[PDB]
$ cat work.pdb   # PDB, C-alpha atoms
MODEL        1
ATOM      1  CA  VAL K  69      -6.627  57.877  51.108  1.00  0.00           C
ATOM      2  CA  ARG K  70      -4.051  57.395  48.351  1.00  0.00           C
ATOM      3  CA  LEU K  71      -1.877  59.425  45.984  1.00  0.00           C
ATOM      4  CA  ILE K  72      -0.565  58.945  42.450  1.00  0.00           C
ATOM      5  CA  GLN K  73       2.416  60.860  41.088  1.00  0.00           C
ATOM      6  CA  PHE K  74       3.112  60.673  37.364  1.00  0.00           C
ATOM      7  CA  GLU K  75       4.770  62.672  34.585  1.00  0.00           C
ATOM      8  CA  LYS K  76       2.586  64.492  32.057  1.00  0.00           C
ATOM      9  CA  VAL K  77       4.679  65.607  29.077  1.00  0.00           C
ATOM     10  CA  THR K  78       5.324  62.532  26.920  1.00  0.00           C
ATOM     11  CA  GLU K  79       4.084  62.581  23.318  1.00  0.00           C
ATOM     12  CA  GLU K  80       1.845  59.653  24.229  1.00  0.00           C
ATOM     13  CA  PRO K  81       0.518  60.217  27.783  1.00  0.00           C
ATOM     14  CA  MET K  82      -0.936  57.385  29.860  1.00  0.00           C
ATOM     15  CA  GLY K  83      -4.325  58.275  28.406  1.00  0.00           C
ATOM     16  CA  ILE K  84      -6.809  57.929  31.257  1.00  0.00           C
ATOM     17  CA  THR K  85     -10.392  59.014  31.933  1.00  0.00           C
ATOM     18  CA  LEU K  86     -12.830  59.166  34.851  1.00  0.00           C
ATOM     19  CA  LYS K  87     -16.607  59.165  35.253  1.00  0.00           C
ATOM     20  CA  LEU K  88     -18.745  60.304  38.182  1.00  0.00           C
ATOM     21  CA  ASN K  89     -22.429  60.182  39.123  1.00  0.00           C
ATOM     22  CA  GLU K  90     -24.692  63.252  39.302  1.00  0.00           C
ATOM     23  CA  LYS K  91     -22.656  64.479  42.296  1.00  0.00           C
ATOM     24  CA  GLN K  92     -19.415  65.050  40.366  1.00  0.00           C
ATOM     25  CA  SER K  93     -17.664  62.508  42.594  1.00  0.00           C
ATOM     26  CA  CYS K  94     -14.938  62.082  39.949  1.00  0.00           C
ATOM     27  CA  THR K  95     -14.701  58.284  39.863  1.00  0.00           C
ATOM     28  CA  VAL K  96     -11.858  56.803  37.808  1.00  0.00           C
ATOM     29  CA  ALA K  97     -13.109  55.133  34.618  1.00  0.00           C
ATOM     30  CA  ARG K  98     -10.555  53.871  32.095  1.00  0.00           C
ATOM     31  CA  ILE K  99      -6.777  53.674  31.723  1.00  0.00           C
ATOM     32  CA  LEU K 100      -5.103  53.152  28.343  1.00  0.00           C
ATOM     33  CA  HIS K 101      -2.558  50.317  28.373  1.00  0.00           C
ATOM     34  CA  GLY K 102       1.002  51.430  29.048  1.00  0.00           C
ATOM     35  CA  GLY K 103       2.165  54.918  29.942  1.00  0.00           C
ATOM     36  CA  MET K 104       2.301  55.132  33.730  1.00  0.00           C
ATOM     37  CA  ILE K 105      -1.169  54.654  35.217  1.00  0.00           C
ATOM     38  CA  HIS K 106      -1.980  51.200  33.845  1.00  0.00           C
ATOM     39  CA  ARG K 107       1.597  50.349  34.830  1.00  0.00           C
ATOM     40  CA  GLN K 108       1.296  52.025  38.239  1.00  0.00           C
ATOM     41  CA  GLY K 109      -0.623  49.071  39.644  1.00  0.00           C
ATOM     42  CA  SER K 110      -1.548  50.861  42.862  1.00  0.00           C
ATOM     43  CA  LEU K 111      -4.327  52.495  40.838  1.00  0.00           C
ATOM     44  CA  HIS K 112      -7.872  51.156  41.140  1.00  0.00           C
ATOM     45  CA  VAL K 113     -10.527  51.892  38.515  1.00  0.00           C
ATOM     46  CA  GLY K 114     -13.858  53.025  39.906  1.00  0.00           C
ATOM     47  CA  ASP K 115     -12.176  54.699  42.871  1.00  0.00           C
ATOM     48  CA  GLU K 116     -13.162  58.297  43.579  1.00  0.00           C
ATOM     49  CA  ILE K 117     -10.632  61.131  43.589  1.00  0.00           C
ATOM     50  CA  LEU K 118     -10.937  64.016  46.063  1.00  0.00           C
ATOM     51  CA  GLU K 119      -8.211  66.243  44.631  1.00  0.00           C
ATOM     52  CA  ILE K 120      -5.326  66.053  42.185  1.00  0.00           C
ATOM     53  CA  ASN K 121      -2.083  68.024  41.997  1.00  0.00           C
ATOM     54  CA  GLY K 122      -3.502  70.075  44.866  1.00  0.00           C
ATOM     55  CA  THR K 123      -6.784  70.800  43.093  1.00  0.00           C
ATOM     56  CA  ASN K 124     -10.121  70.375  44.860  1.00  0.00           C
ATOM     57  CA  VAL K 125     -11.617  68.162  42.162  1.00  0.00           C
ATOM     58  CA  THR K 126     -14.539  67.534  44.507  1.00  0.00           C
ATOM     59  CA  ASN K 127     -16.417  70.501  43.012  1.00  0.00           C
ATOM     60  CA  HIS K 128     -15.385  71.246  39.421  1.00  0.00           C
ATOM     61  CA  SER K 129     -16.483  69.106  36.477  1.00  0.00           C
ATOM     62  CA  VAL K 130     -14.255  66.250  35.359  1.00  0.00           C
ATOM     63  CA  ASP K 131     -13.515  68.069  32.097  1.00  0.00           C
ATOM     64  CA  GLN K 132     -12.187  70.926  34.206  1.00  0.00           C
ATOM     65  CA  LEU K 133      -9.857  68.572  36.073  1.00  0.00           C
ATOM     66  CA  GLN K 134      -8.786  66.610  32.994  1.00  0.00           C
ATOM     67  CA  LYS K 135      -7.471  69.869  31.601  1.00  0.00           C
ATOM     68  CA  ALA K 136      -6.498  70.878  35.144  1.00  0.00           C
ATOM     69  CA  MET K 137      -4.088  67.956  35.041  1.00  0.00           C
ATOM     70  CA  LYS K 138      -2.696  68.957  31.660  1.00  0.00           C
ATOM     71  CA  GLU K 139      -2.591  72.479  33.092  1.00  0.00           C
ATOM     72  CA  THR K 140       0.468  71.887  35.275  1.00  0.00           C
ATOM     73  CA  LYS K 141       3.846  70.999  33.744  1.00  0.00           C
ATOM     74  CA  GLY K 142       3.275  67.277  34.224  1.00  0.00           C
ATOM     75  CA  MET K 143       3.911  66.135  37.791  1.00  0.00           C
ATOM     76  CA  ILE K 144       0.426  65.391  39.135  1.00  0.00           C
ATOM     77  CA  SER K 145      -0.624  63.975  42.498  1.00  0.00           C
ATOM     78  CA  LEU K 146      -4.126  62.495  42.479  1.00  0.00           C
ATOM     79  CA  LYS K 147      -5.780  61.766  45.805  1.00  0.00           C
ATOM     80  CA  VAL K 148      -7.796  58.555  45.563  1.00  0.00           C
ATOM     81  CA  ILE K 149      -9.691  56.399  48.044  1.00  0.00           C
ATOM     82  CA  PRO K 150      -9.225  52.615  48.536  1.00  0.00           C
ATOM     83  CA  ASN K 151     -11.625  50.406  46.578  1.00  0.00           C
ATOM     84  CA  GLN K 152     -13.266  48.866  49.643  1.00  0.00           C
ATOM     85  CA  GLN K 153     -16.736  50.417  49.488  1.00  0.00           C
TER      86      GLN K 153
ENDMDL
END

$ encode --input "work.pdb" --output "structure tokens"
Amino acid sequence: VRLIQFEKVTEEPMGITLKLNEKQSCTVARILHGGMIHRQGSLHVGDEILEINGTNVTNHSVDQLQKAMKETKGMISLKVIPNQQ
């Protein structure tokens, strides 16, 4: 597995999005240049996320998580899997 810790408060967040199949497998999609994600490096687009900031994202819709991320103050920890499928 893998984790990603970033700060969500800035007036111009990293701006990222994820897309999943019909199984709501929350698979990373895009990452706006700059911010923290695109700069993170360790991140890998297309990789699935099991849970972020301690949230079982492996059940709720991505829209629920997207806001679920914005929900907390800012410090989020996304659990991702290596891109070696």

$ closest_residue --input "work.pdb" --among "K:95, K:127, K:108, K:73" --to "residue 144 in chain K" --atoms "all atoms listed in the file"
K:73

$ residues_near_point --input "work.pdb" --point "(-12.2, 60.9, 41.8)" --cutoff "9 Å" --atoms "all atoms listed in the file" --output "ChimeraX atom specification"
/K:86-88,92-96,114-120,125-126,130,146-149

$ resolve_selection --input "work.pdb" --expression "the PyMOL selection byres ((chain K and resi 84) around 12)" --output "JSON, numbers by chain"
{"K": [74, 76, 80, 81, 82, 83, 85, 86, 87, 95, 96, 97, 98, 99, 100, 101, 102, 103, 104, 105, 106, 107, 111, 113, 130, 134, 135, 137, 138]}

$ residues_near_point --input "work.pdb" --point "(-6.2, 71.4, 38.7)" --cutoff "7 Å" --atoms "all atoms listed in the file" --output "number ranges by chain"
K: 120-123, 133, 136-137, 139

$ atom_distance --input "work.pdb" --atom1 "CA of residue 91 in chain K" --atom2 "CA of residue 140 in chain K"
25.3 Å

$ closest_residue --input "work.pdb" --among "K:141, K:153, K:131, K:90" --to "residue 77 in chain K" --atoms "all atoms listed in the file"
K:141

$ axis_aligned_box --input "work.pdb" --around "range 83-98 of chain K" --padding-each-side "6 Å" --output "JSON"
{"center_x": -14.5, "center_y": 59.5, "center_z": 35.5, "size_x": 32.4, "size_y": 23.2, "size_z": 26.2}

$ atom_distance --input "work.pdb" --atom1 "CA of residue 143 in chain K" --atom2 "CA of residue 109 in chain K"
17.8 Å

$ closest_residue --input "work.pdb" --among "K:89, K:132, K:71, K:112" --to "residue 152 in chain K" --atoms "only C-alpha atoms"
K:112

$ build_atoms --input "work.pdb" --residues "range 82-99 of chain K" --atoms "N, CA, C and O atoms" --output "CSV table (one decimal), in the coordinates of the input"
chain,number,residue,atom,x,y,z
K,82,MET,N,-0.3,58.6,29.4
K,82,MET,CA,-0.9,57.4,29.9
K,82,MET,C,-2.3,57.2,29.3
K,82,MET,O,-2.8,56.1,29.1
K,83,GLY,N,-3.0,58.3,29.0
K,83,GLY,CA,-4.3,58.3,28.4
K,83,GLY,C,-5.3,57.6,29.4
K,83,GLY,O,-5.6,56.4,29.3
K,84,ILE,N,-5.8,58.4,30.3
K,84,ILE,CA,-6.8,57.9,31.3
K,84,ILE,C,-8.0,58.8,31.3
K,84,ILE,O,-8.0,60.0,30.9
K,85,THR,N,-9.1,58.3,31.8
K,85,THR,CA,-10.4,59.0,31.9
K,85,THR,C,-11.2,58.6,33.2
K,85,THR,O,-11.0,57.5,33.7
K,86,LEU,N,-12.0,59.5,33.7
K,86,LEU,CA,-12.8,59.2,34.9
K,86,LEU,C,-14.3,59.6,34.7
K,86,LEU,O,-14.6,60.6,34.0
K,87,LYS,N,-15.2,58.9,35.3
K,87,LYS,CA,-16.6,59.2,35.3
K,87,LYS,C,-17.2,59.2,36.7
K,87,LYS,O,-16.9,58.4,37.5
K,88,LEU,N,-18.1,60.2,36.9
K,88,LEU,CA,-18.7,60.3,38.2
K,88,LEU,C,-20.3,60.4,38.0
K,88,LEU,O,-20.8,60.8,37.0
K,89,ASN,N,-21.0,60.1,39.1
K,89,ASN,CA,-22.4,60.2,39.1
K,89,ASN,C,-22.9,61.6,39.0
K,89,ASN,O,-22.1,62.5,38.5
K,90,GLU,N,-24.1,61.9,39.4
K,90,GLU,CA,-24.7,63.3,39.3
K,90,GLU,C,-24.2,64.2,40.4
K,90,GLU,O,-24.6,65.3,40.5
K,91,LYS,N,-23.2,63.7,41.2
K,91,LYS,CA,-22.7,64.5,42.3
K,91,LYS,C,-21.2,64.9,42.0
K,91,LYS,O,-20.5,65.4,42.9
K,92,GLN,N,-20.8,64.7,40.8
K,92,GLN,CA,-19.4,65.0,40.4
K,92,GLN,C,-18.4,64.5,41.3
K,92,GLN,O,-17.5,65.2,41.8
K,93,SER,N,-18.5,63.2,41.7
K,93,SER,CA,-17.7,62.5,42.6
K,93,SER,C,-16.4,62.0,41.9
K,93,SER,O,-15.6,61.2,42.5
K,94,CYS,N,-16.1,62.5,40.7
K,94,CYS,CA,-14.9,62.1,39.9
K,94,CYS,C,-14.5,60.7,40.3
K,94,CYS,O,-13.6,60.5,41.1
K,95,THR,N,-15.1,59.7,39.6
K,95,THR,CA,-14.7,58.3,39.9
K,95,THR,C,-14.0,57.7,38.7
K,95,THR,O,-14.5,57.7,37.6
K,96,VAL,N,-12.7,57.3,38.9
K,96,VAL,CA,-11.9,56.8,37.8
K,96,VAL,C,-12.7,55.9,36.9
K,96,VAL,O,-13.6,55.2,37.3
K,97,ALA,N,-12.4,55.9,35.6
K,97,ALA,CA,-13.1,55.1,34.6
K,97,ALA,C,-12.2,54.2,33.8
K,97,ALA,O,-12.3,53.0,34.1
K,98,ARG,N,-11.4,54.7,32.9
K,98,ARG,CA,-10.6,53.9,32.1
K,98,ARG,C,-9.1,54.3,32.2
K,98,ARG,O,-8.8,55.4,32.7
K,99,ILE,N,-8.2,53.4,31.7
K,99,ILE,CA,-6.8,53.7,31.7
K,99,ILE,C,-6.1,53.0,30.6
K,99,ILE,O,-5.9,51.7,30.6
